[PDB]
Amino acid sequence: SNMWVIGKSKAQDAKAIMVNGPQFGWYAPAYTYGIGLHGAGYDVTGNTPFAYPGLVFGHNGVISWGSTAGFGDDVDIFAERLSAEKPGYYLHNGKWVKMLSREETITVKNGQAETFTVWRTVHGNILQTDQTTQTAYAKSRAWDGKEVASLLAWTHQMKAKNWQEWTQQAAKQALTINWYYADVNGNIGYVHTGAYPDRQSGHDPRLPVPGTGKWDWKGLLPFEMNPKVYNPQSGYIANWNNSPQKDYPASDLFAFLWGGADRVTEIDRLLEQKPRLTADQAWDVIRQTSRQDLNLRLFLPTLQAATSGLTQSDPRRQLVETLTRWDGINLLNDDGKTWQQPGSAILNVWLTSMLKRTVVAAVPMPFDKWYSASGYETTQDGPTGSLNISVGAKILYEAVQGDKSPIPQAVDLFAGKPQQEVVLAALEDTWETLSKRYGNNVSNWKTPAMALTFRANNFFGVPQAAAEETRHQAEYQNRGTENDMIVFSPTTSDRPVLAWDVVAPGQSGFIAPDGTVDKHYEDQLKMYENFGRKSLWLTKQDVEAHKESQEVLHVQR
């Protein structure tokens, strides 16, 4: 998910601009749901995942808000001490404590039901047990007990009219989620929201802790600790699931890192290119980031240094020349199937070979597979989510930065060989692989473009529509599942707030019994592909002026 919030000192023809692209994957019917709520203290418009009561993306005529997933480390695993003498008990603070348990029965269409037990300790549900070591692993979430409070925080924040009111609700949202604020006066703000544990001294949050009592969390850290900024001196707030703040630690997932190589830099380059950005320029950051190869900026300098003494006829140099002439923006040819430039395929093959030679070779099997991905992994339906720089590539980037990297290279990933030799060897592999598939004339290489699919199965892999409801888009775009933009105090209008979004395929998923799809079943699908957007209405007058239908209900609770 990405977000850019442009404040008063960076906005052109407005006081603030918020552009959000939450990345949930692509589904039919739409992942998010458009809704306006007016009354009972609310006056809001926007769209939200699974029609939650709280709108994740929207505004109330005074402030606007949005989110990107935070990926802070809010989950630790406690290794519980079991005993074969006391089945169902664990040792905690010097006593054998009974675990909580429940039985569940899975009913099965056209099959036999299955019954199993779920077990829980003071540190959470049990994920797995090792009877050999008499250890059960319990998953502890800092937000445990605060699920409903977090849903409500997301609802009540919609009534906030200033930063103080909004942060009071941010402090109640317990999941690890980046929240963003903008308002009619041009203020902008950011909170890395959530509950985070106050860990004992010595607790390495990347690895399990004993569950016998000494390593239990002290409690939760205070809201003062959550990373936050209000009206940053830069004049903007940008995020693409990168680190909130210097010295803040990421999720403990082994394939997740915050390092020198980060896709958020592609947003910074576009926001810093010109002194100020209009709303149209802020919106156009979607299109450019959508099409940007994320590895070119990272590795092009290494490739150029490695090839700088080679002859004009050397294919390893010619592959780099091809990359040098490119800005990394992918564009479809007229076939709607191939990219105009072959650079992503060059980087994919090169990076795949480099990782095999470096990070992969340093890591014992079967852990090595964890580092072999190039970041160009997909499906025949195209990527299931965003594209990112792979974990292996981020580790390789540190190694190729040499003493510019702050990470100690405890093992030389080049195994004593000069980096240039390895870089050139991977370029020889690249030339062999690609020239065998396309021939020797790089100018005619028509490499396959990625596509995008609105899948009929939800993110869990569960049908939420019939298979034929799947929708296809030729151009994969590394962008929000929806995109929404809010403009504050525009000089081009007297309104305090203007806003737009796109919810594809459409607002409705309804198909009647006879197969007739609703009128709003697919009317945002072309707008999505073309980087278009529709106006979001807030006021009664604007709603009425754009009314298609109405219903009046009369109901007693």
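All residue numbers refer to positions in the sequence shown, first residue = 1. Take the two forms, superpose them, and find the largest set of C-alpha atoms that agree within 1.5 Å; that set is the rigid core.
- After superposition on the rigid core, the larger root-mean-square Cα deviation in 5 other deposited structures of this protein belongs to 126-134, not to the other of 126-134 and 439-447.
- Put simply, when the other structures in 5 other deposited structures of this protein are lined up on the rigid core, the C-alpha atoms of 375-383 lie farther off than those of the other stretch, from 117-125 and 375-383.
- Two stretches are in play, 423-431 and 247-255, and the higher mean C-alpha B-factor belongs to 423-431.
- For the segment pair 410-418 and 353-361, the entry gives 410-418 the higher mean B-factor, averaged over Cα atoms.
- The residue among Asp284, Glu272, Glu147, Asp204 whose C-alpha atom has the highest B-factor in the PDB entry is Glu272.
- Of all the options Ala84, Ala138, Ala171, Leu298, the entry's greatest CA B-factor is assigned to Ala84.
- Sorting the modelled residues of the chain by their CA temperature factor places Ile267 in the lowest third.
- Looking at the C-alpha B-factors along this chain, the one for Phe367 belongs to the highest third.
- Among all modelled residues in this chain, the alpha-carbon of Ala512 has a temperature factor (C-alpha) in the highest third.
- The PDB entry assigns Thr491 a C-alpha temperature factor belonging to the highest third of its chain's modelled residues.
- In the PDB entry, a CA B factor belonging to the middle third of its chain's modelled residues is recorded for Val209.
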